[PDB]
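# Structural description and commentary
Spelled out, the chains give:
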Amino acid sequence: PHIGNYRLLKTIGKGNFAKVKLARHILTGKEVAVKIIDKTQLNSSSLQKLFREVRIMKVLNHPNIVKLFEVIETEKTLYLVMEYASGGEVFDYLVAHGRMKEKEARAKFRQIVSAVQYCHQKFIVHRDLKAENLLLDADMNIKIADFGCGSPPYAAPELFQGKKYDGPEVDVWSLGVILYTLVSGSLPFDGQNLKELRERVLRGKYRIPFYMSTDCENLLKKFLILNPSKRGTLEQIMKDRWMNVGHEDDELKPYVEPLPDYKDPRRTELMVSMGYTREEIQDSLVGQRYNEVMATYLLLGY
Ligand SMILES: CC1(C)C(=O)N([C@H]2C=Cc3c(O)cccc32)c2nc(Nc3ccccc3)ncc21
């Protein structure tokens, strides 16, 4: 029930020797979601993939991606203190409420497209976008999960033809699947067997719901393109008419990262009173250490 400046409350999930426990930052009262990986178990390959995630989480600062606050390292176990998304899975929302209205789907999809483009902007490819992989916050805002089962209907055609499969245009195909799922509540490419799943995915043809708008169906045509080269960049799909209905004022533009504020005097005095030195505060922040000093600062900005 106690790790660092944290009190473990519930358990939002267990699994692959990792336990995600809902916690409360002790010094700030702020709620967090702590991922507890037992490194002793993890096979040789799962570790490199865990370290690649740690490296990635430390870099992304988007309001639609789960923020990382702290990394607590021990020889046997790893503690990743991340942002808690109360609303749960989008998958579980789509099963509970059915399809979203295009208006509502647009609200969430803009958030998804912005966050995935921003990843590509920093040369980071998710390669595994799923509805399970997207979370919702207290205000129904998208909070994309982690980078390291319903994995096959989101698979790009290039998976079934052995071709490279390392590019960002893989995520564009996947994003198209997600758009379809968000507006229709079902998968565009289905099957009973994977031979069937492959035959549909490679044919590239999907079922169009009688209620879907010509604009929405057009955007699907911008994502779900068979030749990877022939697939549009996320920056050019951002300019799409369906994407900007109602946002005739604010067109979807690539996420422009905010500038660093490692010197806020409110949060700095609070932390100076807490026993931390101004000196260690700036060093932890500039050094992007994700230590107890940095986590105390990040969490104080709420
Ligand atoms: C730390 C982090 C990013 C994470 O690893 N998960 C896990 C844990 C359960 C789970 C899942 O059911 C689906 C995706 C991710 C996850 C998180 N789940 C939440 N909220 C939640 C709330 C109710 C139901 C499901 C998820 N917030 C943050 C995270």
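Residues numbered from 1 in each chain as written, not as in the entry; some residues may be left out. Heavy atoms only, no water. Residues with missing side-chain atoms left out of burial classes, pairs and counts.

The PDB entry annotates the chain as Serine/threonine-protein kinase MARK2 of Homo sapiens. In the PDB, the structure is listed with the title "Mark2 complex with 7-[(1S)-1-(4-fluorophenyl)ethyl]-5,5-dimethyl-2-(3-pyridylamino)pyrrolo[2,3-d]pyrimidin-6-one".

With that out of the way, let us pick up the overall build of the chain. Counting secondary structure elements, the chain contains ten helices and eight strands. In terms of overall dimensions, the chain is globule-like: its C-alpha atoms have a radius of gyration of 21 Å, near the 19 Å expected for 302 residues. Taken along its principal axes, the extent of the C-alpha atoms in the chain is 60 × 50 × 35 Å. (Helix = DSSP H or I, 4+ residues; strand = E, 2+ residues; numbered from the N terminus. Rg over C-alpha atoms; globule rule 2.2 N^0.38 Å.)

With that out of the way, let us pick up the packing of helix α9 (residues 278-286) against helix α10 (residues 292-300). Following both chains from N to C, one finds α9 and α10 inclined at 90°, their axes separated by 8 Å at the closest point. As the angle between them shows, α9 and α10 are arranged roughly perpendicular. Taken together, the residues of α10 that come into contact with α9 (itself represented by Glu280, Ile281, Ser284 and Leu285) are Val293, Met294 and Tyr297. (Axes fitted to C-alpha atoms, helices over the stretch in contact; angles between N-to-C directions. Parallel < 35°, antiparallel > 145°, perpendicular 65-115°, else oblique. Contact = heavy atoms within 4.5 Å.)

The ligand sits among 14 residues. The nearest are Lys35, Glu83, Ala85, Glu89 and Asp146. The contact in question runs from an oxygen atom of the ligand to an N or O atom on the side chain of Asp146, over 3.3 Å. Starting from 540 Å² of accessible surface for the ligand in isolation, the protein chains cover 81%. Listed by contribution, the elements that provide at least two residues to the shell around the ligand are β3 (31-38) and β6 (88-89). Here the shell around the ligand is built from residues that sort into seven nonpolar, two polar and five charged. The residues that make up the shell around the ligand include at least three from each of domain 1 (6-84 + 259-300) and domain 2 (88-237). (Near = heavy atom within 4 Å. Polar contact = N/O pair within 3.5 Å; in protein donor to acceptor, adjacent residues only side chain to side chain. Areas by Shrake-Rupley, 256 points an atom, 1.4 Å probe, with all protein chains shown as cover. Nonpolar A, V, L, I, M, F, W, Y, C, P; charged D, E, K, R; others polar. Domains from an automatic or database assignment.)

Per the domain assignment, the segments of the chain are domain 1 (6-84 + 259-300) and domain 2 (88-237). Computed from C-alpha atoms alone, the centre-to-centre distance between domain 1 and domain 2 is 29 Å. Tallying the contact residues gives 15 residues for domain 1 and 17 residues for domain 2. Across the domain 1/domain 2 interface, buried area totals approximately 1400 Å², and carbon plus sulfur atoms make up 56% of it. Inspection of the region where domain 1 meets domain 2 yields two salt bridges. Where domain 1 meets domain 2, there are ten residue pairs in polar contact. Here the element with the most residues in the side of domain 1 that touches domain 2 is helix α1 (residues 44-57); it accounts for four residues. (Buried area = accessible area lost by both parts, 1.4 Å probe. Salt bridge = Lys/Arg side-chain N within 4 Å of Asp/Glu carboxyl O.)

Bringing the sheet that holds strand β4 (residues 68-73) into the picture now. Read across the open sheet, the five strands follow the order β1-β2-β3-β5-β4; overall the sheet is antiparallel. Since the sheet does not close on itself, it has two edges, and those belong to β1 (6-8) and β4, each with one partner. Between one strand axis and the next, the sheet turns through 30° on average, direction left out of account. By the bridge criterion, five bridges tie β4 to strand β5 (residues 77-82) in an arrangement that is antiparallel. When the sheet's bridge partners are listed, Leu68 is paired in β5 with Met82. Its contacts with the sheet place α10 against β1, β2 (18-25), β3 and β4, and it is angled at close to 160° to β4. (Pairing = 2+ DSSP bridges.)

Take the UniProt feature "binding site: ATP" in the chain next. Here the UniProt feature "binding site: ATP" sits at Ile12, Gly13, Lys14, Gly15, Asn16, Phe17, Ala18, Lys19, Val20 and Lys35. Spanning 24 residues, the annotated positions come together in the fold, the maximum distance between their C-alpha atoms being 14.2 Å. Relative to the helices and strands, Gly15 is located in the loop between β1 and β2. Its place among the elements puts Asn16 in the loop between β1 and β2. (UniProt positions renumbered as here; feature names shortened; annotations may be inferred.)

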